[PDB]
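Below: one protein chain in two forms, given as structure tokens, structure 1 then structure 2.
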Structure 1
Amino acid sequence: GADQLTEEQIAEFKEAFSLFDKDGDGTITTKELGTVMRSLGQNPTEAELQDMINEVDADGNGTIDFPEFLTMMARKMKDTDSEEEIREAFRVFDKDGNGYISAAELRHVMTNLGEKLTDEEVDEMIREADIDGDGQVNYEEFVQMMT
């Protein structure tokens, strides 16, 4: 849902993040999250606070940065949020929007993104990611292509 947030919503979330981030180091700790929760009448344990962070902790460093905070504010988990971002990346290559990346689409978009590969490199990239062997890369294959 983080992709559906408006500009004013994001600007308000920036103000909120700054109030959570007491020491201004750009990350929210369990200590900082706990302060906020208790100001709102809750008493989460340290384990419950760490779990709130883990649910959005895409990089696994144990703290919330602002992109992860946007996941939290959209009331989403990190797995759904990452799937939204992978699907956005997929759509960049799927120029004709049919749900499959062709060799010509991969060559075209990679070229315009500054990496001009030979026709042989593109065919090789397609074949390696093409699991079901239909000659194209669907979304589920695109995810494994990126791991």
Structure 2
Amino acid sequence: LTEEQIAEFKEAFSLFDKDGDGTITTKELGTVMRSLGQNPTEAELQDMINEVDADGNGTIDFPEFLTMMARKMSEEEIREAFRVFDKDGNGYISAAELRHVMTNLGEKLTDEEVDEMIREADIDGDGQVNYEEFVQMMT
């Protein structure tokens, strides 16, 4: 585990932990998922936490979060996640689309932060992220 990987997990955690209290609640999870166009029920949110809630305190701490993400790591689930970003449906995630998703998530990005994110997944160097690229990234 590298230093940059930890900083990414730390930011991924911060995106959920809206009030920055060090834990992720079912409420925070729902807010994020709705902001990405999903609509989990209360039961589903509780189930998500329960699966990784080692200490049974009802909320997710940093390690439990890491476990959640490691368990997350078919075609349909990936396609769906692609469509969260590919808003116009043209088959390419642009920088403007990525920035739009991050902004709905309450995260403001500099053009450089966004470009850097595209750069990470863009394999062919067209400056966009196609489905295959998005699959190589997620897989």
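Residue numbering: sequential along structure 1, first residue numbered 1. For the two forms, the rigid core is made up of the largest set of C-alpha atoms that agree within 1.5 Å on superposition.
Here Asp130 counts as shifted, since its C-alpha moves by at least 2 Å between structure 1 and structure 2 after the core is aligned.
Once the cores line up, the CA of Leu106 ends up 2 angstroms or more apart between structure 1 and structure 2. With the core held fixed between structure 1 and structure 2, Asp51 has its Cα displaced by under 2 Å. A C-alpha shift of 40.8 Å is found for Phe90 between structure 1 and structure 2, based on superposition of the rigid core. When the rigid core is fitted, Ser39 shows a C-alpha shift of 1.2 Å between structure 1 and structure 2.
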